[PDB]
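Colleague: Below: one structure in structure tokens.
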Amino acid sequence: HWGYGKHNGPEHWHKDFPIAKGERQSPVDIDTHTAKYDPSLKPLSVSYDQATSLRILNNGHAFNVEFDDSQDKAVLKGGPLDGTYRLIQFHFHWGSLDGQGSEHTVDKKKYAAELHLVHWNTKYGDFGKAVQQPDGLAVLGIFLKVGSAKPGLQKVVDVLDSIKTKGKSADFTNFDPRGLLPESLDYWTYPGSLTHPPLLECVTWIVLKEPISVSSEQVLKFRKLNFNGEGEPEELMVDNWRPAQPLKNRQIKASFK
Ligand SMILES: [Zn+2]
């Protein structure tokens with residue numbers, strides 16, 4: 001099955017998922033000088049006041065913090081979007097060392113990690129229908145750099161010991177994803193895809209300019225997770241990022257100058 005290794009990683013995905021070589025794949029390098037400032041782009045509206053986290057899951061690739069998406073409680077709107085997108089989960093991608101881990105790059109710079117908050121367009125009724133549509137998902141991407149600790153991350157870090165291995169989950173209620181946001185909501189945006197299989201070309205990407213800072217200790221706890229299941233040979237969960245893909249016939253727009 002697919003993964004991040006030599007034998008099943010990004011360079012192999014196209015064999016089971018041909019859309020890997022498609023026209024709107026993600027992530028991409030963001031060339032800051034080429035990105036067009038678009039004064040028509042609206043401020044991002046992030047309304048997470050009523051977010052209901054339920055559970056955290058080690059799915060063998062990363063960990064997902066899941067939300068109750070059975071009502072409009074945690075939604076993304078505005079920005080480049082038309083209509084309302086409901087938060088379903090967030091997860092991260094990270095490296096074996098602090099010099100790699102992000103999926104998007106900025107002028108070829110790699111950050112230590114990247115957070116993806118995944119939302120689906122309510123006009124399609126459910127996530128599985130939304131991913132079949134070119135405007136089905138809005139993913140908010142946030143870079144992580146290593147420096148000061150992120151206090152709002154610590155609850156996530158401290159549950160990871162209980163989901164070390166693939167297929168482990170744990171109750172994870174009352175977590176507030178607002179604590180993972182940077183000060184500014186300035187962004188870049190472009191049409192793309194899921195960054196892991198099935199690689200569906202259904203995402204409006206919204207990548208924030210301002211990274212969050214996490215501590216070295218925080219990131220080191222990410223790197224103690226396992227890709228393998230309980231009892232299986234230990235393979236540390238590191239380098240679970242897809243590299244930048246060709247931009248092809250796409251324009252990256254900036255909300256800011
Ligand atoms: Zn992701």
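Colleague: Ranked highest first by average number of other Cβ atoms within 10 Å, how do 149-162, 35-48 line up?
Modeller: My ranking of the peptides, most packed first, is 149-162, 35-48.
Colleague: Could you name the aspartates and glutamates in cross-link range of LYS257, using Cα to Cα under 13 Å and dropping any fewer than eight places away on the same chain?
Modeller: Cα-Cα hits under 13 Å: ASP38, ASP186.
Colleague: Here's another thing I want to ask about it. Once Rh is set to the Kirkwood radius over Cα pairs, what Stokes-Einstein translational diffusion coefficient, in µm²/s, holds for region 10-254 at a temperature of 25 °C and a viscosity of 0.890 mPa s?
Modeller: Values: Rh = 18.1 Å.
Estimated diffusion coefficient is 135 µm²/s.
Colleague: Stretched out fully, how many nm does the piece from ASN228 to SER162 gain, at 0.36 nm a residue minus the Cα gap?
Modeller: Numbers: separation 66, 0.36 × 66 = 23.76 nm, distance 1.43 nm.
Taking 0.36 nm per residue and subtracting the Cα distance, the gain is 22.3 nm.
Colleague: Rule-of-thumb check for region 36-164: C-alpha Rg over 2.2 N^0.38 Å?
Modeller: Against the empirical 2.2 N^0.38 Å value, I get 1.13 for region 36-164.
Colleague: Could I ask something else about it? Which FRET efficiency value, to the nearest 0.05, is calculated for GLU235 and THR122 with the Förster distance at 41 angstrom and r the Cβ-Cβ distance? Could you put the intermediate results ahead of the total?
Modeller: Numbers: r = 38 Å, r/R0 = 0.93.
So the FRET efficiency works out to roughly 0.60.
Colleague: Using Cβ contacts closer than 10 Å as the measure, can you line up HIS1, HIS61, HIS12 from fewest to most? List each step's numbers first, then the result.
Modeller: Numbers: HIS1 7, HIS61 18, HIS12 15.
Ranked by crowding around the Cβ, least crowded first: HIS1, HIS12, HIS61.
Colleague: Contact order normalised by length for region 10-254, with contacts defined as Cα pairs under 8 Å and 6 or more residues apart; what percent is it? Please report the intermediate quantities before stating the final value.
Modeller: Numbers: 617 pairs, mean separation 65.3, N = 245.
Relative CO of region 10-254 lands at 27 percent.
Colleague: A further question follows. Ratio of alpha-carbon Rg to the 2.2 N^0.38 Å globular estimate for region 35-87, to two decimals, please.
Modeller: Compactness ratio reported: 1.46.
Colleague: If I take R0 = 45 Å and measure r between the Cβ atoms of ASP16 and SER40 in this structure, what FRET efficiency does the formula 1/(1 + (r/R0)^6) give, to the nearest 0.05?
Modeller: Details: r = 39 Å, r/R0 = 0.87.
The value I calculate is 0.70.
Colleague: How much length is gained if the chain between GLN50 and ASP176 is pulled fully straight, taking 0.36 nm per residue apart and subtracting their Cα-Cα distance, in nm to one decimal?
Modeller: Contour length minus Cα-Cα distance gives 44.5 nm.
Colleague: Which pairs, out of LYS145/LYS166; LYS42/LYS150; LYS166/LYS221, put more than 22 Å between their alpha-carbon atoms?
Modeller: Exceeds cut-off: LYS145/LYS166; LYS42/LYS150.
Colleague: If you don't mind, there's one more thing I want to ask. For the cross-link pairs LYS73/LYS110; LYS15/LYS248; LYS15/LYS108, which exceed 24 Å when the distance is taken from alpha carbon to alpha carbon?
Modeller: Going by Cα-Cα distance, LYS73/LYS110; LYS15/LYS108 fall outside the 24 Å limit.
Colleague: Also, quick follow-up: At a Förster radius of 30 Å, what calculated FRET efficiency corresponds to the Cβ-Cβ distance of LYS155 and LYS109, to the nearest 0.05?
Modeller: Result of the calculation: an efficiency of 0.55.
Colleague: Are there any GluC sites (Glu not before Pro) in region 149-256 that are in a DSSP loop and have at most 11 other Cβ atoms within 10 Å? List them by number.
Modeller: Those that pass, being in a loop and sparsely packed, are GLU183, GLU230, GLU234.
Colleague: While we're on this one: Please report the projected area of region 216-257's Cα convex hull averaged over all directions, in nm².
Modeller: Details: hull surface 24.3 nm².
The Cα convex hull of region 216-257, projected and averaged over all directions, gives 6.1 nm².
Because the Cβ atoms are built from the backbone with ideal geometry, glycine has one as well, and the counts that use them run over all protein chains shown. All of the numbers you see were taken from the coordinates with simple rules; none came from a lab.
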